[PDB]
Amino acid sequence: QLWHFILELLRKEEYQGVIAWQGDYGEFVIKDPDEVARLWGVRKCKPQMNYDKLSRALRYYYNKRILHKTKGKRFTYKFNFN
DNA sequence: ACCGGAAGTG
DNA sequence: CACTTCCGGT
């Protein structure tokens, strides 16, 4: 799953240059959109992956209450731990 | 950047 | 299903 993959990355320091926790409890910011996508596209063997396609995937999680967007902030989503 | 509909995949 | 692909919107 993607939200899995995100968390997989987010509990490893060796990717803080790419993606890390910021602001509130469950908030996280993608520092390098294009790189992340490349890695997810490596993992899913989909070479033609990019943030546009990944970001759509994320928005589908809004209805499913796993994620939502922190408005105003760039590349900043937040998990639904409630 | 960020959204969400729409059609396709295995 | 859980995305990927595409694209015309805000």
# chains A, B, ... in the order shown; residues from 1 in each chain; ligands from 1
call {"tool": "interface_residues", "arguments": {"of": "chain C", "to": "chain A", "cutoff": "10 Å", "atoms": "only C-alpha atoms (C1' of nucleotides)", "output": "PyMOL selection string"}}
result
chain C and resi 2-6
call {"tool": "residues_around", "arguments": {"residues": "residue 8 (chain C)", "least_positions_apart": "3", "cutoff": "12 Å", "atoms": "only C-alpha atoms (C1' of nucleotides)", "output": "list in words"}}
result
residues 3, 4, 5 and 6 of chain B
call {"tool": "write_last_selection", "arguments": {"atoms": "C-alpha atoms (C1' of nucleotides)", "output": "PDB file, in the first residue's frame"}}
result
ATOM      1  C1'  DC B   3      -8.693  19.223  -6.920  1.00  0.00           C
ATOM      2  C1'  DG B   4     -11.724  15.471  -8.591  1.00  0.00           C
ATOM      3  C1'  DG B   5     -14.014  13.166 -12.453  1.00  0.00           C
ATOM      4  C1'  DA B   6     -13.409   9.341 -15.662  1.00  0.00           C
TER       5       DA B   6
END
call {"tool": "interface_residues", "arguments": {"of": "chain A", "to": "chain B", "cutoff": "12 Å", "atoms": "only C-alpha atoms (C1' of nucleotides)", "output": "MDAnalysis selection string"}}
result
chainID A and resid 33 51:52 55:60 62:63 69:77
call {"tool": "write_last_selection", "arguments": {"atoms": "N, CA and C atoms", "output": "PDB file, in the first residue's frame"}}
result
ATOM      1  N   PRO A  33       9.408  16.194  -3.827  1.00  0.00           N
ATOM      2  CA  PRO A  33       8.309  15.488  -4.492  1.00  0.00           C
ATOM      3  C   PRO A  33       8.721  14.471  -5.567  1.00  0.00           C
ATOM      4  N   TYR A  51       4.981  12.887  -9.080  1.00  0.00           N
ATOM      5  CA  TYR A  51       4.198  13.437  -7.940  1.00  0.00           C
ATOM      6  C   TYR A  51       2.728  13.620  -8.357  1.00  0.00           C
ATOM      7  N   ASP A  52       2.462  14.068  -9.598  1.00  0.00           N
ATOM      8  CA  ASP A  52       1.087  14.300 -10.140  1.00  0.00           C
ATOM      9  C   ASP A  52       0.236  13.050  -9.905  1.00  0.00           C
ATOM     10  N   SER A  55       0.167  12.090  -6.029  1.00  0.00           N
ATOM     11  CA  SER A  55      -0.705  13.068  -5.329  1.00  0.00           C
ATOM     12  C   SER A  55      -2.173  12.672  -5.517  1.00  0.00           C
ATOM     13  N   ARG A  56      -2.560  12.258  -6.730  1.00  0.00           N
ATOM     14  CA  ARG A  56      -3.943  11.782  -7.005  1.00  0.00           C
ATOM     15  C   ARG A  56      -4.229  10.618  -6.056  1.00  0.00           C
ATOM     16  N   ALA A  57      -3.332   9.630  -6.017  1.00  0.00           N
ATOM     17  CA  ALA A  57      -3.441   8.453  -5.123  1.00  0.00           C
ATOM     18  C   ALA A  57      -3.798   8.939  -3.713  1.00  0.00           C
ATOM     19  N   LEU A  58      -3.051   9.931  -3.222  1.00  0.00           N
ATOM     20  CA  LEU A  58      -3.212  10.501  -1.858  1.00  0.00           C
ATOM     21  C   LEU A  58      -4.633  11.049  -1.686  1.00  0.00           C
ATOM     22  N   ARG A  59      -5.108  11.851  -2.639  1.00  0.00           N
ATOM     23  CA  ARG A  59      -6.443  12.509  -2.577  1.00  0.00           C
ATOM     24  C   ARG A  59      -7.550  11.456  -2.426  1.00  0.00           C
ATOM     25  N   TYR A  60      -7.391  10.269  -3.022  1.00  0.00           N
ATOM     26  CA  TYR A  60      -8.365   9.147  -2.906  1.00  0.00           C
ATOM     27  C   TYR A  60      -8.469   8.696  -1.445  1.00  0.00           C
ATOM     28  N   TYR A  62      -8.574  10.797   1.081  1.00  0.00           N
ATOM     29  CA  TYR A  62      -9.393  11.826   1.784  1.00  0.00           C
ATOM     30  C   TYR A  62     -10.758  11.237   2.154  1.00  0.00           C
ATOM     31  N   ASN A  63     -11.434  10.646   1.164  1.00  0.00           N
ATOM     32  CA  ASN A  63     -12.758   9.982   1.314  1.00  0.00           C
ATOM     33  C   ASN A  63     -12.620   8.785   2.263  1.00  0.00           C
ATOM     34  N   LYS A  69      -5.347  16.989   3.558  1.00  0.00           N
ATOM     35  CA  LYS A  69      -4.413  18.111   3.279  1.00  0.00           C
ATOM     36  C   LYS A  69      -4.455  19.135   4.413  1.00  0.00           C
ATOM     37  N   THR A  70      -3.284  19.558   4.888  1.00  0.00           N
ATOM     38  CA  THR A  70      -3.120  20.774   5.726  1.00  0.00           C
ATOM     39  C   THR A  70      -3.072  21.980   4.784  1.00  0.00           C
ATOM     40  N   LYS A  71      -4.182  22.712   4.686  1.00  0.00           N
ATOM     41  CA  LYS A  71      -4.381  23.809   3.700  1.00  0.00           C
ATOM     42  C   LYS A  71      -3.350  24.913   3.959  1.00  0.00           C
ATOM     43  N   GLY A  72      -2.967  25.639   2.905  1.00  0.00           N
ATOM     44  CA  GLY A  72      -1.957  26.714   2.961  1.00  0.00           C
ATOM     45  C   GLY A  72      -0.546  26.177   2.794  1.00  0.00           C
ATOM     46  N   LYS A  73      -0.194  25.145   3.566  1.00  0.00           N
ATOM     47  CA  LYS A  73       1.165  24.540   3.589  1.00  0.00           C
ATOM     48  C   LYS A  73       1.375  23.673   2.342  1.00  0.00           C
ATOM     49  N   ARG A  74       2.522  23.842   1.678  1.00  0.00           N
ATOM     50  CA  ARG A  74       2.929  23.062   0.481  1.00  0.00           C
ATOM     51  C   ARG A  74       3.321  21.640   0.885  1.00  0.00           C
ATOM     52  N   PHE A  75       2.831  20.638   0.149  1.00  0.00           N
ATOM     53  CA  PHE A  75       3.298  19.224   0.204  1.00  0.00           C
ATOM     54  C   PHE A  75       3.090  18.657   1.610  1.00  0.00           C
ATOM     55  N   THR A  76       2.091  19.190   2.306  1.00  0.00           N
ATOM     56  CA  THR A  76       1.853  18.938   3.746  1.00  0.00           C
ATOM     57  C   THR A  76       0.486  18.273   3.889  1.00  0.00           C
ATOM     58  N   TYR A  77       0.501  16.967   4.147  1.00  0.00           N
ATOM     59  CA  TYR A  77      -0.691  16.135   4.445  1.00  0.00           C
ATOM     60  C   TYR A  77      -0.613  15.715   5.918  1.00  0.00           C
TER      61      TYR A  77
END
call {"tool": "select_by_dssp", "arguments": {"residues": "chain A", "states": "helix (DSSP H, G or I)", "output": "PyMOL selection string"}}
result
chain A and resi 2-10+13-15+33-43+51-64
call {"tool": "atom_distance", "arguments": {"atom1": "CA of residue 37 (chain A)", "atom2": "CA of residue 50 (chain A)"}}
result
4.9 Å
call {"tool": "atom_distance", "arguments": {"atom1": "CA of residue 80 (chain A)", "atom2": "CA of residue 68 (chain A)"}}
result
7.5 Å
call {"tool": "atom_distance", "arguments": {"atom1": "CA of residue 24 (chain A)", "atom2": "CA of residue 36 (chain A)"}}
result
21.6 Å
call {"tool": "residues_around", "arguments": {"residues": "residue 4 (chain A)", "least_positions_apart": "6", "cutoff": "12 Å", "atoms": "only C-alpha atoms (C1' of nucleotides)", "output": "PDB file with N, CA and C atoms, in the first residue's frame"}}
result
ATOM      1  N   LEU A  10       9.063   7.272   6.626  1.00  0.00           N
ATOM      2  CA  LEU A  10       8.941   8.362   7.628  1.00  0.00           C
ATOM      3  C   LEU A  10       9.482   7.912   8.992  1.00  0.00           C
ATOM      4  N   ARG A  11       9.664   6.605   9.207  1.00  0.00           N
ATOM      5  CA  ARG A  11      10.269   6.046  10.452  1.00  0.00           C
ATOM      6  C   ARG A  11      11.704   5.587  10.148  1.00  0.00           C
ATOM      7  N   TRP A  40       8.657   5.283  -4.928  1.00  0.00           N
ATOM      8  CA  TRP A  40       7.358   4.571  -5.016  1.00  0.00           C
ATOM      9  C   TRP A  40       7.263   3.858  -6.370  1.00  0.00           C
ATOM     10  N   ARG A  43       9.494   0.908  -6.232  1.00  0.00           N
ATOM     11  CA  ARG A  43       8.875  -0.158  -5.394  1.00  0.00           C
ATOM     12  C   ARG A  43       7.739  -0.825  -6.181  1.00  0.00           C
ATOM     13  N   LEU A  58      -3.051   9.931  -3.222  1.00  0.00           N
ATOM     14  CA  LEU A  58      -3.212  10.501  -1.858  1.00  0.00           C
ATOM     15  C   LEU A  58      -4.633  11.049  -1.686  1.00  0.00           C
ATOM     16  N   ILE A  66      -7.855   8.156   5.785  1.00  0.00           N
ATOM     17  CA  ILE A  66      -6.454   7.787   6.169  1.00  0.00           C
ATOM     18  C   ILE A  66      -5.612   9.065   6.194  1.00  0.00           C
ATOM     19  N   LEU A  67      -5.840   9.949   5.221  1.00  0.00           N
ATOM     20  CA  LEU A  67      -5.108  11.231   5.063  1.00  0.00           C
ATOM     21  C   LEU A  67      -6.085  12.396   4.911  1.00  0.00           C
ATOM     22  N   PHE A  79      -2.248  12.559   8.811  1.00  0.00           N
ATOM     23  CA  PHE A  79      -2.936  11.263   9.042  1.00  0.00           C
ATOM     24  C   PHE A  79      -4.134  11.483   9.970  1.00  0.00           C
TER      25      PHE A  79
END
call {"tool": "select_by_dssp", "arguments": {"residues": "region 29-71 of chain A", "states": "strand (DSSP E or B)", "output": "ChimeraX atom specification"}}
result
/A:29-30,67-69
call {"tool": "write_last_selection", "arguments": {"atoms": "C-alpha atoms", "output": "PDB file, in the first residue's frame"}}
result
ATOM      1  CA  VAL A  29       5.997  17.383   4.513  1.00  0.00           C
ATOM      2  CA  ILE A  30       7.536  16.001   1.278  1.00  0.00           C
ATOM      3  CA  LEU A  67      -5.108  11.231   5.063  1.00  0.00           C
ATOM      4  CA  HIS A  68      -6.137  14.849   4.430  1.00  0.00           C
ATOM      5  CA  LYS A  69      -4.413  18.111   3.279  1.00  0.00           C
TER       6      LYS A  69
END
